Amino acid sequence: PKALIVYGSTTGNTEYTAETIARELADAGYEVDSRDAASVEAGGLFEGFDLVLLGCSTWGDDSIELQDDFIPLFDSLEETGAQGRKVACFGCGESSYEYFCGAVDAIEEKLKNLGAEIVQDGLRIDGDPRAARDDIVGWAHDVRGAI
């Protein structure tokens, strides 16, 4: 199959997390197209993939704020082709914030509402992603299995 990973990451944690997910999926036979959000265009971005993995980190405080490069992508999520698309969502952040991995919640939320098939609950990394490598890998293994 073809899986599309797109991530918004500012200190490279979620990017690190995407790359490990990309590797797991590619080890299991998939063709994996991994792309930073800052380099993509929403209009038809999911066209042709069987699996779309979205990746974002959380900024902000009192309300949910998304990583700046992911914002135009989230604002045009209706134009990507999410309808019927097997999807799953991930993101790094810090549990001391009110909204722990809040962006993960706002994307899964917008997706569900656009008719996507959320194949697994999002992966919410707290702190250093390198300390949670088993979790990322395990979560990739589980998304592959469900689709």
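Throughout, we count residues from 1 along the sequence that is shown.
- With 25-33 and 44-52 compared on mean CA B-factor from the PDB entry, the stretch scoring higher is 25-33.
- Higher mean CA temperature factor between 97-105 and 81-89: 97-105, per the PDB entry.
- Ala38 sits in the lowest third of its chain by CA B factor, as recorded in the PDB entry.
- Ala132: CA B factor lies in the highest third for its chain, per the PDB record.
- Per-chain ranking of the deposited C-alpha B factor places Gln120 in the middle third.
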